[PDB]
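What's in coords18.tsv: TSV, C-alpha atoms and all ligand atoms
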```
chain	number	residue	atom	x	y	z
A	211	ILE	CA	-61.41	7.44	80.29
A	212	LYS	CA	-63.11	5.10	77.72
A	213	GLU	CA	-61.11	1.83	77.42
A	214	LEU	CA	-59.34	1.28	74.07
A	215	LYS	CA	-60.34	-1.95	72.33
A	216	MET	CA	-58.76	-3.72	69.38
A	217	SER	CA	-61.46	-5.33	67.26
A	218	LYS	CA	-60.85	-8.86	65.85
A	219	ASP	CA	-60.53	-7.14	62.41
A	220	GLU	CA	-57.87	-4.62	63.58
A	221	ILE	CA	-55.80	-7.52	65.04
A	222	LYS	CA	-55.93	-9.40	61.66
A	223	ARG	CA	-55.00	-6.20	59.70
A	224	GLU	CA	-52.03	-5.33	62.04
A	225	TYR	CA	-50.79	-8.98	61.76
A	226	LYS	CA	-51.11	-9.03	57.85
A	227	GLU	CA	-49.13	-5.73	57.78
A	228	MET	CA	-46.45	-7.40	60.01
A	229	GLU	CA	-46.32	-10.44	57.58
A	230	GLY	CA	-45.58	-7.91	54.78
A	231	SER	CA	-42.44	-6.68	56.71
A	232	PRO	CA	-39.13	-7.39	54.83
A	233	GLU	CA	-37.36	-8.63	58.05
A	234	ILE	CA	-40.29	-10.99	58.87
A	235	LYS	CA	-40.38	-12.38	55.22
A	236	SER	CA	-36.59	-12.91	55.42
A	237	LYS	CA	-36.88	-14.94	58.71
A	238	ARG	CA	-39.57	-17.24	57.08
A	239	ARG	CA	-37.19	-17.90	54.13
A	240	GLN	CA	-34.27	-18.47	56.58
A	241	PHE	CA	-36.43	-21.09	58.47
A	242	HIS	CA	-37.33	-22.89	55.20
A	243	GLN	CA	-33.55	-22.98	54.27
A	244	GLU	CA	-32.73	-24.59	57.69
A	245	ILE	CA	-35.32	-27.35	57.12
A	246	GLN	CA	-33.85	-27.93	53.57
A	247	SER	CA	-30.32	-28.14	55.06
A	248	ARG	CA	-31.56	-30.67	57.70
A	249	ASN	CA	-33.31	-32.74	54.99
A	250	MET	CA	-30.19	-32.59	52.80
A	251	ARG	CA	-28.04	-34.11	55.71
A	252	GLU	CA	-30.67	-36.88	56.25
A	253	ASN	CA	-30.87	-37.64	52.47
A	254	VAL	CA	-27.07	-38.02	52.29
A	255	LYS	CA	-26.98	-40.29	55.48
A	256	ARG	CA	-29.62	-42.59	53.91
A	257	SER	CA	-27.44	-43.02	50.73
A	258	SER	CA	-24.89	-45.69	49.68
A	259	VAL	CA	-23.25	-43.42	47.03
A	260	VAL	CA	-23.65	-39.98	45.33
A	261	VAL	CA	-23.26	-39.73	41.50
A	262	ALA	CA	-22.21	-36.28	40.27
A	263	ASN	CA	-21.36	-34.64	36.93
B	364	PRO	CA	-28.67	-27.40	35.41
B	365	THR	CA	-24.87	-26.90	35.57
B	366	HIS	CA	-24.08	-29.16	38.60
B	367	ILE	CA	-25.92	-32.46	39.45
B	368	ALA	CA	-25.72	-34.73	42.54
B	369	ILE	CA	-28.00	-37.80	42.86
B	370	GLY	CA	-28.14	-40.12	45.85
B	371	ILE	CA	-28.50	-43.88	45.38
B	372	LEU	CA	-29.32	-46.45	48.10
B	373	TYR	CA	-28.62	-50.17	47.66
B	374	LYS	CA	-28.23	-52.66	50.56
B	375	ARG	CA	-28.38	-56.35	49.57
B	376	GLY	CA	-31.12	-58.18	51.46
B	377	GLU	CA	-32.86	-54.87	52.28
B	378	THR	CA	-33.50	-53.08	48.98
B	379	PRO	CA	-34.59	-55.54	46.20
B	380	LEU	CA	-33.66	-52.86	43.67
B	381	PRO	CA	-31.56	-49.63	44.11
B	382	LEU	CA	-33.46	-46.51	45.26
B	383	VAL	CA	-33.00	-42.82	44.34
B	384	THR	CA	-32.64	-40.93	47.69
B	385	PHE	CA	-32.14	-37.32	46.48
B	386	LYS	CA	-31.64	-35.01	43.45
B	387	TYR	CA	-29.76	-31.71	43.77
B	388	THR	CA	-28.59	-29.20	41.22
B	389	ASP	CA	-26.29	-26.17	40.97
B	390	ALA	CA	-25.73	-24.24	44.31
B	391	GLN	CA	-26.85	-27.21	46.46
B	392	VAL	CA	-24.23	-29.55	44.91
B	393	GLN	CA	-21.24	-28.02	46.84
B	394	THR	CA	-23.28	-28.45	50.09
B	395	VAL	CA	-24.16	-32.11	49.20
B	396	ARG	CA	-20.40	-32.72	48.50
B	397	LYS	CA	-19.37	-31.34	51.98
B	398	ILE	CA	-22.05	-33.38	53.86
B	399	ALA	CA	-21.15	-36.59	51.87
B	400	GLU	CA	-17.41	-36.15	52.82
B	401	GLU	CA	-18.39	-35.48	56.51
B	402	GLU	CA	-20.77	-38.53	56.59
B	403	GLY	CA	-18.35	-40.95	54.84
B	404	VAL	CA	-20.67	-41.40	51.82
B	405	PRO	CA	-18.71	-41.94	48.55
B	406	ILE	CA	-19.20	-39.35	45.76
B	407	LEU	CA	-18.37	-40.58	42.25
B	408	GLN	CA	-18.17	-38.56	39.05
B	409	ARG	CA	-20.25	-40.35	36.34
B	410	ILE	CA	-21.24	-37.52	33.98
B	411	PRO	CA	-23.43	-39.61	31.50
B	412	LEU	CA	-25.30	-41.43	34.35
B	413	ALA	CA	-25.78	-38.27	36.57
B	414	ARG	CA	-27.23	-36.46	33.42
B	415	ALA	CA	-29.55	-39.44	32.62
B	416	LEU	CA	-30.80	-39.78	36.25
B	417	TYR	CA	-31.38	-36.00	36.30
B	418	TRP	CA	-33.98	-36.34	33.49
B	419	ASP	CA	-35.67	-39.65	34.48
B	420	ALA	CA	-35.15	-40.48	38.17
B	421	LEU	CA	-37.86	-39.83	40.81
B	422	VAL	CA	-36.84	-39.46	44.46
B	423	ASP	CA	-37.82	-42.47	46.70
B	424	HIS	CA	-38.48	-44.59	43.54
B	425	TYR	CA	-36.32	-47.32	42.12
B	426	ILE	CA	-33.59	-46.52	39.68
B	427	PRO	CA	-35.21	-46.56	36.24
B	428	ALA	CA	-34.54	-49.46	33.91
B	429	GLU	CA	-32.97	-47.13	31.38
B	430	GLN	CA	-30.14	-46.50	33.92
B	431	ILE	CA	-29.90	-49.84	35.81
B	432	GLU	CA	-26.96	-51.18	33.67
B	433	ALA	CA	-24.87	-48.00	34.24
B	434	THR	CA	-25.94	-47.96	37.98
B	435	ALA	CA	-24.91	-51.66	38.47
B	436	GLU	CA	-21.33	-50.75	37.35
B	437	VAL	CA	-21.21	-47.99	40.09
B	438	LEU	CA	-22.65	-50.42	42.63
B	439	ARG	CA	-20.14	-53.18	41.71
B	440	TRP	CA	-17.29	-50.55	41.97
B	441	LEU	CA	-18.54	-49.45	45.43
B	442	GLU	CA	-18.71	-53.09	46.65
B	443	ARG	CA	-15.10	-53.75	45.33
B	444	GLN	CA	-13.83	-50.53	47.09
B	445	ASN	CA	-15.60	-51.61	50.37
B	446	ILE	CA	-14.14	-55.20	50.40
B	447	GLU	CA	-10.62	-53.80	49.44
B	448	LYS	CA	-10.74	-51.01	52.11
B	449	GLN	CA	-11.19	-53.83	54.74
B	450	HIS	CA	-7.49	-54.65	53.98
C	1	LIG	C1	-25.60	-54.72	34.60
C	1	LIG	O1	-26.37	-55.60	35.49
C	1	LIG	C2	-27.29	-56.46	34.87
C	1	LIG	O2	-26.98	-57.55	34.22
C	1	LIG	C3	-28.78	-55.89	34.89
C	1	LIG	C4	-29.79	-56.00	36.12
C	1	LIG	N1	-29.35	-55.58	37.32
C	1	LIG	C5	-30.22	-55.67	38.39
C	1	LIG	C6	-29.95	-55.32	39.66
C	1	LIG	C7	-30.88	-55.63	40.72
C	1	LIG	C8	-30.57	-55.28	42.03
C	1	LIG	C9	-29.35	-54.63	42.30
C	1	LIG	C10	-28.40	-54.29	41.31
C	1	LIG	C11	-28.71	-54.62	39.97
C	1	LIG	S1	-31.69	-56.30	37.79
C	1	LIG	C12	-31.11	-56.47	36.15
C	1	LIG	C13	-31.96	-57.05	35.01
C	2	CL	CL	-24.78	-36.26	61.87
C	3	NA	NA	-34.31	-33.89	46.87
```
If you convert what's in this file into structure tokens, what do you get?
Ligand SMILES: COC(=O)Cc1nc(-c2ccccc2)sc1C
Ligand SMILES: [Cl-]
Ligand code: NA
Amino acid sequence: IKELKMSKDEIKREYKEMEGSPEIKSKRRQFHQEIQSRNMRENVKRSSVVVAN
Amino acid sequence: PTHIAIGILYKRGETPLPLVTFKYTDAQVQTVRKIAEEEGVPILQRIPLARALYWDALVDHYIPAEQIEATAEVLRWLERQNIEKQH
């Protein structure tokens, strides 16, 4: 039988559809939150004092 | 904001003037509080100064002149607590 072939365009379209997935968007946000948490710990360690209201 | 937490760095002979290290508001303030307790970084309630630094202060810049007098009191308090804790 004739061999199936995914065009470069089909691959981009399938991937953009995947990026639109709620689970996949949620994991991106989760990753950003983990970098913000890491940065928060480093910011605090670099400080002499914290002033709060 | 409702809640404010602002980090200040000042080490004599290292920083010529005090530096703003972070600015957090609201939900992030309880997290900042936990990490500061865990890391042994003092957290002081100074409502006028925290409110003033919220408006004017820029992260990784020096404390602005408009807040240096109020900041110097906090820094002199922190130095007194440090020297006294050594006893
Ligand atoms: C309340 O302290 C002063 O008399 C003001 C002042 N503090 C300064 C300062 C500089 C480095 C560390 C802490 C305070 S500069 C300056 C004009
Ligand atoms: Cl750590
Ligand atoms: Na920040």
With all atoms listed in the file as the basis for distance, which of B:377, B:392, B:406, B:383 is at the shortest distance from chain A?
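Between B:377, B:392, B:406, B:383, the residue approaching chain A most closely is B:406.
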Taking a cut-off of 12 Å and counting all atoms listed in the file, can you build a table that, for each residue of chain A near ligand CL 2 (chain C), reports the nearest atom pair and how far apart they are in Å (one decimal), sorted by chain then residue number, as a Markdown table?
```
| residue | atom | partner | partner_atom | distance |
| --- | --- | --- | --- | --- |
| A:247 | CA | C:CL2 | CL | 12.0 |
| A:248 | CA | C:CL2 | CL | 9.7 |
| A:249 | CA | C:CL2 | CL | 11.5 |
| A:250 | CA | C:CL2 | CL | 11.2 |
| A:251 | CA | C:CL2 | CL | 7.3 |
| A:252 | CA | C:CL2 | CL | 8.2 |
| A:253 | CA | C:CL2 | CL | 11.3 |
| A:254 | CA | C:CL2 | CL | 10.0 |
| A:255 | CA | C:CL2 | CL | 7.9 |
| A:256 | CA | C:CL2 | CL | 11.3 |
```
Output as a VMD selection string the set of chain A residues within 6 Å of chain B, with distances taken over all atoms listed in the file.
chain A and resid 257 to 263
Residues contacting ligand LIG 1 (chain C) - anything with an atom at most 6 Å away, using only C-alpha atoms and all ligand atoms - can you give me those as a PyMOL selection string?
chain B and resi 379-381+431-432+435
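Between CA of residue 376 in chain B and CA of residue 426 in chain B lies a distance of 16.8 Å.
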What would range 375-395 of chain B look like with N, CA, C and O atoms restored, written as a PDB file, in the frame of the given file?
```
ATOM      1  N   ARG B 375     -27.995 -54.992  49.906  1.00  0.00           N
ATOM      2  CA  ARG B 375     -28.380 -56.350  49.570  1.00  0.00           C
ATOM      3  C   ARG B 375     -29.106 -57.012  50.725  1.00  0.00           C
ATOM      4  O   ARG B 375     -28.631 -56.962  51.864  1.00  0.00           O
ATOM      5  N   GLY B 376     -30.284 -57.562  50.440  1.00  0.00           N
ATOM      6  CA  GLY B 376     -31.120 -58.180  51.460  1.00  0.00           C
ATOM      7  C   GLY B 376     -32.075 -57.208  52.138  1.00  0.00           C
ATOM      8  O   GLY B 376     -32.871 -57.604  52.994  1.00  0.00           O
ATOM      9  N   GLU B 377     -31.994 -55.917  51.767  1.00  0.00           N
ATOM     10  CA  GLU B 377     -32.860 -54.870  52.280  1.00  0.00           C
ATOM     11  C   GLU B 377     -33.616 -54.278  51.124  1.00  0.00           C
ATOM     12  O   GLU B 377     -34.826 -54.384  51.084  1.00  0.00           O
ATOM     13  N   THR B 378     -32.895 -53.687  50.157  1.00  0.00           N
ATOM     14  CA  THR B 378     -33.500 -53.080  48.980  1.00  0.00           C
ATOM     15  C   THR B 378     -33.451 -54.108  47.859  1.00  0.00           C
ATOM     16  O   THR B 378     -32.352 -54.494  47.447  1.00  0.00           O
ATOM     17  N   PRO B 379     -34.622 -54.573  47.345  1.00  0.00           N
ATOM     18  CA  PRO B 379     -34.590 -55.540  46.200  1.00  0.00           C
ATOM     19  C   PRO B 379     -33.962 -54.884  44.974  1.00  0.00           C
ATOM     20  O   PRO B 379     -33.163 -55.501  44.266  1.00  0.00           O
ATOM     21  N   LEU B 380     -34.279 -53.600  44.760  1.00  0.00           N
ATOM     22  CA  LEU B 380     -33.660 -52.860  43.670  1.00  0.00           C
ATOM     23  C   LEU B 380     -33.076 -51.571  44.256  1.00  0.00           C
ATOM     24  O   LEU B 380     -33.519 -51.174  45.337  1.00  0.00           O
ATOM     25  N   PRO B 381     -32.087 -50.910  43.580  1.00  0.00           N
ATOM     26  CA  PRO B 381     -31.560 -49.630  44.110  1.00  0.00           C
ATOM     27  C   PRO B 381     -32.600 -48.505  44.069  1.00  0.00           C
ATOM     28  O   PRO B 381     -33.452 -48.419  43.151  1.00  0.00           O
ATOM     29  N   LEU B 382     -32.533 -47.641  45.087  1.00  0.00           N
ATOM     30  CA  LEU B 382     -33.460 -46.510  45.260  1.00  0.00           C
ATOM     31  C   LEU B 382     -32.752 -45.181  45.106  1.00  0.00           C
ATOM     32  O   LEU B 382     -31.615 -45.029  45.547  1.00  0.00           O
ATOM     33  N   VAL B 383     -33.426 -44.228  44.471  1.00  0.00           N
ATOM     34  CA  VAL B 383     -33.000 -42.820  44.340  1.00  0.00           C
ATOM     35  C   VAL B 383     -33.366 -42.150  45.678  1.00  0.00           C
ATOM     36  O   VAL B 383     -34.543 -42.180  46.058  1.00  0.00           O
ATOM     37  N   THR B 384     -32.394 -41.556  46.374  1.00  0.00           N
ATOM     38  CA  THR B 384     -32.640 -40.930  47.690  1.00  0.00           C
ATOM     39  C   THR B 384     -32.730 -39.417  47.636  1.00  0.00           C
ATOM     40  O   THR B 384     -33.374 -38.832  48.506  1.00  0.00           O
ATOM     41  N   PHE B 385     -32.101 -38.773  46.638  1.00  0.00           N
ATOM     42  CA  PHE B 385     -32.140 -37.320  46.480  1.00  0.00           C
ATOM     43  C   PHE B 385     -31.698 -36.902  45.102  1.00  0.00           C
ATOM     44  O   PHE B 385     -31.080 -37.690  44.409  1.00  0.00           O
ATOM     45  N   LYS B 386     -32.048 -35.654  44.717  1.00  0.00           N
ATOM     46  CA  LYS B 386     -31.640 -35.010  43.450  1.00  0.00           C
ATOM     47  C   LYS B 386     -31.364 -33.559  43.723  1.00  0.00           C
ATOM     48  O   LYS B 386     -32.286 -32.843  44.102  1.00  0.00           O
ATOM     49  N   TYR B 387     -30.098 -33.131  43.603  1.00  0.00           N
ATOM     50  CA  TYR B 387     -29.760 -31.710  43.770  1.00  0.00           C
ATOM     51  C   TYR B 387     -29.059 -31.183  42.561  1.00  0.00           C
ATOM     52  O   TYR B 387     -28.429 -31.934  41.795  1.00  0.00           O
ATOM     53  N   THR B 388     -29.190 -29.882  42.360  1.00  0.00           N
ATOM     54  CA  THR B 388     -28.590 -29.200  41.220  1.00  0.00           C
ATOM     55  C   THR B 388     -27.939 -27.924  41.682  1.00  0.00           C
ATOM     56  O   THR B 388     -28.257 -27.418  42.738  1.00  0.00           O
ATOM     57  N   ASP B 389     -26.984 -27.455  40.897  1.00  0.00           N
ATOM     58  CA  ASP B 389     -26.290 -26.170  40.970  1.00  0.00           C
ATOM     59  C   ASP B 389     -25.704 -25.822  42.351  1.00  0.00           C
ATOM     60  O   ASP B 389     -24.724 -26.454  42.746  1.00  0.00           O
ATOM     61  N   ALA B 390     -26.230 -24.763  43.025  1.00  0.00           N
ATOM     62  CA  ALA B 390     -25.730 -24.240  44.310  1.00  0.00           C
ATOM     63  C   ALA B 390     -25.705 -25.293  45.432  1.00  0.00           C
ATOM     64  O   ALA B 390     -24.775 -25.342  46.225  1.00  0.00           O
ATOM     65  N   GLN B 391     -26.702 -26.162  45.454  1.00  0.00           N
ATOM     66  CA  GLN B 391     -26.850 -27.210  46.460  1.00  0.00           C
ATOM     67  C   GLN B 391     -25.822 -28.338  46.297  1.00  0.00           C
ATOM     68  O   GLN B 391     -25.637 -29.111  47.243  1.00  0.00           O
ATOM     69  N   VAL B 392     -25.156 -28.443  45.129  1.00  0.00           N
ATOM     70  CA  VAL B 392     -24.230 -29.550  44.910  1.00  0.00           C
ATOM     71  C   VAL B 392     -22.955 -29.398  45.772  1.00  0.00           C
ATOM     72  O   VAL B 392     -22.479 -30.414  46.265  1.00  0.00           O
ATOM     73  N   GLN B 393     -22.444 -28.173  46.012  1.00  0.00           N
ATOM     74  CA  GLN B 393     -21.240 -28.020  46.840  1.00  0.00           C
ATOM     75  C   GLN B 393     -21.551 -28.415  48.298  1.00  0.00           C
ATOM     76  O   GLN B 393     -20.705 -29.046  48.942  1.00  0.00           O
ATOM     77  N   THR B 394     -22.786 -28.124  48.765  1.00  0.00           N
ATOM     78  CA  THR B 394     -23.280 -28.450  50.090  1.00  0.00           C
ATOM     79  C   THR B 394     -23.406 -29.981  50.239  1.00  0.00           C
ATOM     80  O   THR B 394     -22.907 -30.544  51.213  1.00  0.00           O
ATOM     81  N   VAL B 395     -24.016 -30.650  49.254  1.00  0.00           N
ATOM     82  CA  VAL B 395     -24.160 -32.110  49.200  1.00  0.00           C
ATOM     83  C   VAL B 395     -22.782 -32.751  49.327  1.00  0.00           C
ATOM     84  O   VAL B 395     -22.626 -33.674  50.123  1.00  0.00           O
TER      85      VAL B 395
END
```
